[PDB]
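Notes for the structure review
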Protein chains: 6
Amino acid sequence: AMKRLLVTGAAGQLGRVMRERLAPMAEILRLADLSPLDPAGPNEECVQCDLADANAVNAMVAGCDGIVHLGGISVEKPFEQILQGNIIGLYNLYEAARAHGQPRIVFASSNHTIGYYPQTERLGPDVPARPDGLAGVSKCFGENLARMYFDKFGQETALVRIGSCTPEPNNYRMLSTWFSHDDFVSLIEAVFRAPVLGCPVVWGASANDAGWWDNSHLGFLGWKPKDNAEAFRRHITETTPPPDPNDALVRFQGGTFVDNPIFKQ
Amino acid sequence: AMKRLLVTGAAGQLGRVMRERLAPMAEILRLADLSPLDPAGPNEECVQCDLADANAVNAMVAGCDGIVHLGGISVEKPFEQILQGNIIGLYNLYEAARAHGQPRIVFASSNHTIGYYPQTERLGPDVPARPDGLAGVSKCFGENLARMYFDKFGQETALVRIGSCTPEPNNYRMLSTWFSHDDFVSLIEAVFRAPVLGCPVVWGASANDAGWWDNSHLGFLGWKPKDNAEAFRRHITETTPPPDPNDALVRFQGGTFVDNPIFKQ
Amino acid sequence: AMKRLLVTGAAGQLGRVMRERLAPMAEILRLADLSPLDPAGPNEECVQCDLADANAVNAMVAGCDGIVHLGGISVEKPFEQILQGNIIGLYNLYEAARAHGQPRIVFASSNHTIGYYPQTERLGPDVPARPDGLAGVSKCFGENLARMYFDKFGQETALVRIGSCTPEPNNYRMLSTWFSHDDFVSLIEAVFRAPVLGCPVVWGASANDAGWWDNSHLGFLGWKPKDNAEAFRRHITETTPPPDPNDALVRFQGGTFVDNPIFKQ
Amino acid sequence: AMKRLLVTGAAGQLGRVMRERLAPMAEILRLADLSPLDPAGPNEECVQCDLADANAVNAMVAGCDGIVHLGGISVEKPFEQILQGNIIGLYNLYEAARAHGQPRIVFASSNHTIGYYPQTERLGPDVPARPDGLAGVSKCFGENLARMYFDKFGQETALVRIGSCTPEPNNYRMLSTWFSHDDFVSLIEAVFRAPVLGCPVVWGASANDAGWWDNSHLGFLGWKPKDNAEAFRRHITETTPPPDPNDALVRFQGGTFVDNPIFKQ
Amino acid sequence: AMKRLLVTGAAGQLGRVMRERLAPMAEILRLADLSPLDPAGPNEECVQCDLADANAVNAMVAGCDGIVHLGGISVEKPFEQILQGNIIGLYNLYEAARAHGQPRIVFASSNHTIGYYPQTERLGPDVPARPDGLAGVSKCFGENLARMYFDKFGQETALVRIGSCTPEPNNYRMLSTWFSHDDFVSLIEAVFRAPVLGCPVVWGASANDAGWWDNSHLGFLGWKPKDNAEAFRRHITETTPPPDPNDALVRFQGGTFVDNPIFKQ
Amino acid sequence: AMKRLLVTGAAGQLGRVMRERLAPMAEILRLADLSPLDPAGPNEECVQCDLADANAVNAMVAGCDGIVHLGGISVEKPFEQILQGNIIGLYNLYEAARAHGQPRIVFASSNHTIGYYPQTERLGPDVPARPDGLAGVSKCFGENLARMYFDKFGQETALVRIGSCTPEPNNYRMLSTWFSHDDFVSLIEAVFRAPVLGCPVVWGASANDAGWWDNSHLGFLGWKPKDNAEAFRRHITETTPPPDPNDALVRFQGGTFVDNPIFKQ
């Protein structure tokens, strides 16, 4: 599919998965993270750098034909860390791409951009943001920045609002939010194969009977997820306590993130 | 279903398909075209006439219980040819129907009525027209005329905006626009069986993963296409050159029609 | 699912089905009706009373963890009868629930709340009511009352606008309105399992190709009907007279109810 | 305008206003109420009857060319009183109208049909009901019944959702809900003069800067209210205590009605 | 505003008004009509020709900086006449403009493009067409053709759906459809002054209290009509017969045009 | 209206205006800026601090009952400066407010959050952001952060998307975007007087005939701007060159900001 694909956040949980699963997409896979990476094998390059370091990010991106941007802060943390990984880091990534041929980007956004919506409300891609903490706010920043680079320079980005990308659903909320490895992989393949992408919002979930999100406007991309969290409903009842109706886990799309305070260093 | 079914445009590529496939729908199939028709076999009648000749169209329609109107200009041509076949011709068809019991009509409209929309935009049946040439404008004329006859006289018409009704998808655009022979035939069967039809806009496409159009409002008809162009994606990448992202073929719903000039005779 | 489930209208056509099919949902099924009930078997309790009598309704509800409310008038009748079963009866039911722990309610509303809409119009859950008679108006009363108790007290109710819940479709309208026993049972299961329900409008139909109604906004519940009336189209055409296009049966969503007069005592 | 106009609820605060202001609209004004009416002057008839008494309502309506229906319960009361005045009473009114030439009806509905909406939400005429008590639910009943008589028999009704029809705004909520006497009178004049009315929902409010409701779809009637509660804002801050932000008065469109319990006799 | 402005249909009722009122907009006014024109005065040119004749239309347009296109058939007539003036004539006009610098066009479309909508329905600019006869269908053709030339060549046109442009309202329908001379003149001024126009639908009515149409989306143009037909209501009631509620005049937006047959030569 | 009102950015152009105009709103006006301020007069406190300095911001906010936040970067600048004033600065302001009683905030957002929309498109408050540079993106950050603090802590903020707040309109774009001093002052008064505000988007423009923005959903606030840029149209024609139709000034809502590159330090 391409000569060189960059995967950032490659030492993280999703990154380790994609390091294996996206190998067939490119002759060379370049893996990057702030954290130490397992050594490069055949057809791999490994890079260590902070997203907040502009010169390092420039070098990280140079020579890459595509980027799967998983690197950054995924859970609620103090502002200082979010600022570095998700705000400054995003600016540096977009500037680096702009300097090196505008390789297409798959951005790991988050359901936390809309975490304060009730689970009873079905959402299209144009709904106003309701971020459930600083992490969500920073993912909104990434989306707004990507949109600006698209309108201004034509840089294309898939804004993937990831639900819960896990080996299997493991609580009641994931019956709605589960995004299987297979379905995220197929989405990434669909994003890179498209002649024209634009800067679309993509709801990152499998084809769950209990899904909250409407991807119908993305029809042009031809991506239909195949897995379905509903198959795990009994598994969940037989492995977890029944949710309290007052629990954020079943009240808000962001789940317990709404209960987070502003964390401090 | 009925004693006699009229198929216009019967010499054309699509009409030749329907001459074969719609036979079971009527005791007699009347085939008509401006061009020479293969001679009538059993249970057939053949009539060669110009849609622009009112007296001929009156006789063509007389004694028919339904009409599949494929006849006319469906590619970009100079104004005079389109005026005769698609504007004068449509007036003549509707007047003929009005004089002979208002047989129900399946009208071959076209995606070219909306050809200037970007391929990234999903369309419902009520979107404003954006025709991509004179052919598209003339198909809009047919839709507007049909609506008027419906409101004024009760004449019922299915306004079928045909995508690409071909044996198989064979380019990137057809992954979205493909309308299988089987699915068009089943649509026609559903149109004629309905006790009440009205004058609905119908998107002429199969159940393609990459489809751009929303047929949900047509639910009352009970027609669900079964074919899916997505099955051909791999085959298409294996047997055709990758599209240029700048090509109208992958930018506009009307494809290369947007690039057509106004043709002169 | 629960210790004790109440099924009202248990002597009726649908009640007799649910008395059998809902047994696995609770340790004890309590059946109630105005009319005589077949004697209680193991795991059953049976009570005979009028919904219009508050003391009786209090006793009927006391000790129940959930209610499937089928009891009442579902065909057009004189106002006097409707007032007792569907208006006074509903007030009594909601007051009894409020006094006894607010057991979740599945309310048998009706398509007759929207019976005057044309069959050609697809409806979402928020459409304004267009009741086709006093029965329809009275089911609207139930919906409005339920919504008030939800907003004021937190009482949760599924407002199920039942189409045609029969063993099989047997006329043209039922190709659209059929609601299979299996699909109603699975809906009831999905309603009671949900940690959070609210007070949603639910369109009571199976997954019919010719369905008129949009349940997409109920996605959070994870209920997907599995039956399809379309399978019966051939049989219906074979075994029944073609509808006249002027017949209410094929013109209004409420079918022949629009033709009902106001019946008098 | 007409020979005889019926005004029900004529003993009430609003009815007393209309007894005076609507006199010019008819040769004879018939006033009716359950409560004692000031004796009839010239060009008046007075009738004292209960809306729940069908025979009385028949005689009340007989010989009338139009009806302004103000009679009934418009504050929260126990169920039985509301049942008699607003449910049985509405049935009786519509049946009486049906038996006597279908005189056009102005129905006093209420903002309480939508009382649970937040004051920050702007509402169009098609929003789903959110009644704030039994009074609101019963006013919804009137709206649903009127719609049914319209669709079934052609009876025309203006469904006027009255905000606060008082001499002057005197609290923060009335800056939004105020409906001047002048503007209600002009609305009634516009309703009766219209060749074609239908069964429209009308928001009963003056042209208030802080209004919550959108009457644009009623444009065809040519009624434009002229009064504006905003003129009273300064006066209100000068003569009343500032509202507590936690008070229902400034949180819900139904104001303090949301705080009402279910009243018992 | 410009050196030379063309006004077609200049011999007609509206043309004679604009010949006078638009004189200040250009150094030279060129007046054109099929029929004889009063002789050119200072600052005028007059040309007599049929829009169906391409050579003549080329000469008519050459050297003009803008066009107010009033010429054509605006009442119901046989298809032959409409074809010449409104279909062939429109094609000729757009081709002439394309060959001569694409002077901006104000097109006299018509309310008859939407004549079958009920008067009770408020319309925005995107509603599907519901033409009330061949004249209406032909004005739709003009709109669709204009839109194609805009998308394909950048030709800008204001599609003005004229209501009733008369010296004063003189029947009930005109209380809604009246478009004063002053307000049409100011619209034309706003159209020509705009740096960017596009191809907008414009509802051609004054600021009537009983208006049916929504021009809010045209806000960017900065045009606000100032006249109001409501001022004439009393006069109209005094001096004309009350409409029968069954009259097309008070039921359909196109008024009596819905009652027109298809006229024959 | 309050004991102490904070105005940030008080040395800037809008700040100097508000220092005078908002004086009557509070017993004490506290003015702050990174830049030196003219010395405090009677009833004034003057503070010098960087918004990026958390401790200083805490002290700035402490003791204030309301905040008009004008401080920050208003034009396109390099990322480093934007990061400090609009990103870090916003976090510090919200944290400081949260620590000191959550004084209500008027936030100076910007039209640049939606700068890439065409001027021909009318925008409601819920449209997706289309920021026209880093400044717009950073104003989006402020909006998203404010929304999160509202949902999480109940902090109330008016998100005022300022158009062009100048003494008078001085170019063609300002005929649409002008926000008079008087109208901004009255908006601020309305925001502080409201019992309940929430976190609404407010379009910051006067009542311009050529306005692009719809504030109708803010109706509850009772704020209606009184000035109208249209009065200056002739003034603009007689003081500036006519805009080129290709100029960003008349093509994009953000005007020439779309033409800005990413500026560097």
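Structure determination for this PDB entry is given in the record as X-ray crystallography, at a resolution of 1.900 Å.

Quick notes on the overall build of chain A
Secondary structure summary: chain A contains seven helices and seven strands in total. Listed by position from the N terminus, the elements making up chain A come as β-α-β-β-α-β-α-β-α-β-α-α-β-α. The globule rule puts the C-alpha radius of gyration for 265 residues at 18 Å, and the 18 Å found for chain A is close to it. Across the 265 residues of chain A, 62% fall into the buried class. A separation threshold of at least 6 residues defines the contact pool for chain A, and within that pool the share at least 24 residues apart is 68%. As presented, chain A carries roughly 9,600 Å² of accessible surface, and 48% of it is formed by carbon and sulfur atoms. Looking at charge distribution, chain A has the averaged site of its 23 positive side-chain charges lying 3 Å from that of its 30 negative ones.

Things to note about the relation of the copies chain A and chain F
There are two copies of the chain, and a rotation about an axis plus a shift along that axis relates them. The transformation that overlays chain A on chain F combines an axial shift of 0.0 Å with a rotation of 180°, and the residual RMSD is 0.0 Å. The relationship between the two copies is best expressed as a two-fold rotation axis. In terms of proximity to the rotation axis, the leading residue of chain A is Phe141(A), whose C-alpha is 3.0 Å off the axis. Of the interface residues in chain A, 100% have counterparts in chain F that sit at the interface too, so the contact is made through matching surfaces.

Observations concerning the relation of the copies chain D and chain E
Laying chain D over chain E is done by rotating through 121° and shifting 0.1 Å along the axis; what remains is an RMSD of 0.2 Å. Expressed as a symmetry operation, the mapping of one chain copy onto the other fits a three-fold axis. Across chain D, the rotation axis passes nearest the C-alpha of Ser216(D), at a separation of 6.8 Å.

Here we look at the interface of chain D and chain E
Each side of the interface is counted separately: chain D has 13 residues, and chain E has 14 residues. Linking chain D with chain E are one salt bridge, by the criterion used here. The partner of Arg193(D) in a salt bridge is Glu230(E), with the nearest N and O atoms 3.7 Å apart. Where chain D touches chain E, the interface holds zero residue pairs in polar contact. When its residues are assigned to classes, the side of chain D that touches chain E shows six nonpolar, four polar and three charged.

Details of the pattern of salt bridges
Residues and elements named next belong to chain F. With the rule as written, the count across this model stands at 80 salt bridges over all chains. Linking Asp151 and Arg147 is a salt bridge whose minimum nitrogen-to-oxygen distance equals 2.9 Å. Of this pair, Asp151 and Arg147 both sit in helix α4 (residues 134-153), four residues apart, which is roughly one turn of the helix. The buried category is assigned to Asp151, whose relative accessible area is 17%.

A short note on the interface of chain A and chain F
Listed as interface residues are 33 residues of chain A and, on the opposing side, 33 residues of chain F. Counting the surface lost from both chain A and chain F, the interface buries some 2,800 Å², and carbon and sulfur atoms represent 68% of this. In this structure, the connection of chain A to chain F is made through four salt bridges. One salt bridge connects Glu95(A) with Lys264(F), and the closest N-O pair in it is separated by 2.6 Å. Counting across the interface, chain A meets chain F through 14 residue pairs in polar contact. Among the secondary structure elements, those contributing two or more residues to the side of chain A that touches chain F are α3 (79-99) and α4 (134-153) of chain A. No other element matches α4(A), which puts twelve residues into the side of chain A that touches chain F.

Conventions used here
- Residues numbered from 1 in each chain as written, not as in the entry; some residues may be left out.
- Chains lettered and ligands numbered in written order.
- Heavy atoms only, no water.
- Helix = DSSP H or I, 4+ residues; strand = E, 2+ residues; numbered from the N terminus.
- Rg over C-alpha atoms; globule rule 2.2 N^0.38 Å.
- Buried < 20%, exposed > 50% of the residue type's maximum accessible area, 1.4 Å probe, protein only.
- Contact = heavy atoms within 4.5 Å.
- Areas by Shrake-Rupley, 256 points an atom, 1.4 Å probe, with all protein chains shown as cover.
- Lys, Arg positive; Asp, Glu negative; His and termini not counted.
- Charge placed at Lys NZ, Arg CZ, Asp CG, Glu CD.
- Least-squares fit on C-alpha atoms.
- Salt bridge = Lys/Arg side-chain N within 4 Å of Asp/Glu carboxyl O.
- Polar contact = N/O pair within 3.5 Å; in protein donor to acceptor, adjacent residues only side chain to side chain.
- Nonpolar A, V, L, I, M, F, W, Y, C, P; charged D, E, K, R; others polar.
- Buried area = accessible area lost by both parts, 1.4 Å probe.

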